[PDB]
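One chain comes next, on its own, written as structure tokens: the form deposited in one PDB entry.
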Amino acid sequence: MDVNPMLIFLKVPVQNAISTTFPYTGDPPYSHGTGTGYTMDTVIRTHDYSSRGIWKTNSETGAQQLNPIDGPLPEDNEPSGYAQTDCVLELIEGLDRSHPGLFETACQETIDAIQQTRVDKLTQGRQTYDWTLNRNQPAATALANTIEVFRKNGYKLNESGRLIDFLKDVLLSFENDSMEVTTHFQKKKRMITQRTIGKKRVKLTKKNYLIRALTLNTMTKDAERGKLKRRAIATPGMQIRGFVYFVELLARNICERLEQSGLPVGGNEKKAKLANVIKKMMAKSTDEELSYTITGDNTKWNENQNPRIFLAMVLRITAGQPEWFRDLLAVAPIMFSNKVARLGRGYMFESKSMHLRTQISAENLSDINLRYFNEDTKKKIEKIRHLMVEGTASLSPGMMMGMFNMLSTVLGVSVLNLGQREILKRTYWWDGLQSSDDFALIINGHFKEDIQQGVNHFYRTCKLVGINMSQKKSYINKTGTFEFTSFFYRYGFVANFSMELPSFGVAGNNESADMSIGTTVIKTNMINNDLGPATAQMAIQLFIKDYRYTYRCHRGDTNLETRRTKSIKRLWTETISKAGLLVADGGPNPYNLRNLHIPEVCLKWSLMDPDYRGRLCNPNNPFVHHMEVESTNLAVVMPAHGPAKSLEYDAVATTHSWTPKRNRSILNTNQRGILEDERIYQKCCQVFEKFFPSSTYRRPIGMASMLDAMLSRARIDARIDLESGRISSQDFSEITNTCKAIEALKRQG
């Protein structure tokens, strides 16, 4: 007998064993080297689906820009970007007619949220492209670099503190003919030699700064499952993040009230919406009414939606609003229409006879001999060289960075909304759910040719607005089974446990957080993903083993030898009640099924030695690092599918709530002065929190400087503690003289 596990599907339905089709216990695919080839492939494909459009040289940037809007209608089933403006406006008008008052209330909520948003809302984000440094930075330091360069160049409306004044400064900074930024270079002199790095002030031109402001930084997507070949992703710079924020806020307020929208809800809420649409489309008008469901995918979704269509959508949704609000929401599709793509790190060249390797940049791709490259890269560079603008490739059509997820969901929901029986008046009608790229479509009719006519009507209407349904990846069957974002419906949603299997294991924060996260992950999968009780018990056991091996915190009576064995053994022998020791301290595992919702310090609190409990929960310990109330007990988990999520855990802060050390490669680069700047920033924020303790809880507001606020607080705290018996008169006079000396030092320099 040759063993075949797929023969298990001869007895079991495929949806009830679908976890045997997800090979998620191995490592996901990763890219090696650059993503320049994937980026150039994306630019070539995006211009190939729009090639019958109109080319125009941009007057402000010099970029060659392709316009496929209102172009020729598609002639075949190839992916096309020739979206028609009037069909988009008709679909948005139909969405406004079917949901009266939705657009006006979403616009009014967006208007109320614009006037309350501060600049620091842009600090919430991942790796943002920094036009100041021409690389990727975290979102807060990219925002700080942009604000600093803007203040040095005379743009300081953002000193009011609100987001819309920062956006006015962003738009006014495009008038500068010589924006001045600072670069870095090394200075090595001297009989022993020391070397440091000194700044150099460069001046961009108007075209240089405008190309940098419209730049997407491109890289390869790693650890993505379900694909053989890698794809490219893009992150935008700080000049467009604030406008994308308000556009996505409007589109989120729209998508929250559309029942055919799959965004922005979780897993259980999306399953409830899919169950509701399946219950509605199976109530049956007659008795012989047919119902078919397309398990659909969209081919080349981001490469075929156009920023000019999104501009028309934004201007049609906001119809009847104040014109400043229309312009402010229109900025982001305008800047995405004029976007350029940074082409990555370049390529590596290898000489086999001389045994050497070298790295050419993507800026060198415009002026290099083509004999270095293989035929695929040579064809890519020849196709790409007419789109080149100052180290970047012009990319007018398409949505490469893909930030208008909710707006693309609104566009798909409009096509879903077209198929009501009272609008179509046909022999067919449709309904379904739209979650950006993915879609489910239930088509009802009376005959099978009505089902085919409804499928063709939906497909051609999607082709008219730049939505390309994947014919290789979509299929249709009678309603009862479908799939939607790896959710498998077979007369009810089944469990897909293998999607959640990478989340099991040690999360990697610290000992306390990982214990809380591991037991919470087991509990959440018991509630949602139908994790059985025996498998939950084994998952507790496997988590405890992986936790003991990861943090070298094996049980105090065991015979392993790590770096932590002797110290944990000393803590074990000196402890009276061993059951009160945490697992991180070499103690036993307390967890079973009934107590996964209880944190480990509380679950062992009555069993602890009081001296060990006093040492472990000492608030005067150097290991814990409280920074902010809004970031307390938060981790960032990356699931097997989807973006990274913020996960809340329940943990008493102990000495196991430490922070791991930082990466230290910056010390060998030109950016090592960022460490000194960050250290000085942390010292200033620490002494401000000494003066204002609520700043860790509620963000303090004010247009006055930090030093003036601390001096005023010192003056009022001195006068309030003098008239209360807490502080003597000589200490009050010393405090007032020190504040006057600080004012004199401030007036001096």
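Start at 1 and count along the sequence shown; that's the residue number. Note that the rigid core is defined as the largest set of C-alphas that superpose within 1.5 Å between two forms.
We do not show the form deposited in another entry, though everything after this point is about it.
Lining up the core between this form and the one not shown shows that one residue from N268, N668, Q124, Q471 moves its Cα 2 Å or more, and that residue is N668.
Comparing the forms between this form and the one not shown, the C-alpha position of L616 differs by 2 angstroms or more, with the core used for superposition.
Annotation: Cα of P72 displaced by less than 2 Å between this form and the one not shown, core superposition.
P13 shows a C-alpha shift below 2 Å between this form and the one not shown [criterion: core-superposed Cα displacement of 2 Å]. Three angstroms is the minimum change: in that other deposited form, the CA atoms of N670 and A144 sit farther apart than in this structure, by 3 Å or more.
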